[PDB]
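Okay, so here's just one chain, in structure tokens, the form deposited without this ligand.
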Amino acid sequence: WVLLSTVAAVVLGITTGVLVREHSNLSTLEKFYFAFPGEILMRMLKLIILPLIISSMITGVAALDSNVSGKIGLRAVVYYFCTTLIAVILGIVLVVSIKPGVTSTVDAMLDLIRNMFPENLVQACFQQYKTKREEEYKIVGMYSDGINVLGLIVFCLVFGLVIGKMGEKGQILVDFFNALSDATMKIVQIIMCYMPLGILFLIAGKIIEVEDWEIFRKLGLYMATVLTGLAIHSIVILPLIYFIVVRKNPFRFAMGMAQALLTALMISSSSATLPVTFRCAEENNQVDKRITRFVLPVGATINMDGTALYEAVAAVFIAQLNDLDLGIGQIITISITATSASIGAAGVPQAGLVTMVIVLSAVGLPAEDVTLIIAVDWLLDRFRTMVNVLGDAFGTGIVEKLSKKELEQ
């Protein structure tokens, strides 16, 4: 129902936008009031960011076992790091080169580490740290507004690891944040019931307020940038990584995952596609069962190739829309924030939307600019999930080749 409701809201929002745009002259004040239901939806999404990322980040980390630290688990983590790193570079290169929404670096990277360790946990919920050179030059910090997602994610990772390893002493903390994570999921579900009506006025409000259709061509280039990045990752990069490690034709392996790929094109969830991925990887591709049960669940949470090519590209596209010429330091900040946002909004309905709201809030871009992403979020998220499933499927074969000796004992 979520897909049809979101699609209908976009269709109805466009229909409402063009009818109100022509059949009625609206002043600047009335246009702002017309988008109030959409504005209220954005407030709910920002409201749930803080409890969602904190509880989800603690809950996922606190349940980690010793298998992740094993040789099989370490190889999977290294593989997902390398493919995500390639996807991060590929997404940055494409959005910088194509420049879809268009017409110091040391301090930006140092600010990334500074925000990675906030000076106050409560302030990190609504403030971020920035440094600017002053005049022979000195550095001055400001602590501007904006939720510090990187600081919260880092602390919740360390906090989750600590409470996971202290056994029954920290079991109450694991239980507390498990229930809090479940409660936040239900509240997100309640918000998604209002999302279609909010999307209708967000889309219609955006159609009314625009004066020229040049932004639509910019949206078309944004689709090309996201689709081009996924196409290169799925057809060029991932098959090449598979072949060099396994020395076997990756297209027969991809053909074996055909049923899992189609299931990804409808369910649009890597976790929900796991049962199909497990069967296709195990019997069709003859990948060992002992390794699929480890690599695939690991990829269901830390496979950020799709996020790098979809959410980070979208965030940079929004930055280019606001006439912001961000540099290498700022672009890297967006990409790292996007992956941190994704791990925070993992098992969430409309994760693509929720992740985008987290990234825009944590970067400074207007979260109301996400309406252009929403109009195609249903389409682009389906392909993003398909690439993530293909990436996880290739990982099982890649990890298996490197684990031949371990599987022999």
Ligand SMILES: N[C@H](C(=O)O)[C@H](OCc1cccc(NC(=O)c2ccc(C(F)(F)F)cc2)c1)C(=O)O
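Residue numbers here begin at 1 and follow the sequence given.
What comes next is about the form solved in complex with this ligand, which is not displayed.
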item	value
Clash check, this ligand transplanted in the deposited complex by site C-alpha superposition, 2.4 Å backbone/C-beta	blocked
Options 123-131, 252-260, 140-148, 302-310; stretch whose heavy atom lies within 4.5 Å of this ligand in the deposited complex	302-310
4.5 Å heavy atom contact, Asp381 and this ligand in the deposited complex	yes
4.5 angstroms heavy atom contact with this ligand in the deposited complex for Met185	yes
Partner proximity in the deposited complex: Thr396 to this ligand, non-hydrogen atom cutoff 4.5 Å	no
4.5 angstroms heavy atom contact with this ligand in the deposited complex for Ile373	no
Partner-contacting position among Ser268, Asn285, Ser234, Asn115 - heavy atom within 4.5 Å of this ligand in the deposited complex	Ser268
Joint contact, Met42, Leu202 and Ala204 to this ligand in the deposited complex, by non-hydrogen atom at 4.5 Å	no
Within 330-351, the residues that have a heavy atom no more than 4.5 Å from this ligand in the deposited complex	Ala341, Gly344, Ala345, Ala346, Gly347, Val348, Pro349, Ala351
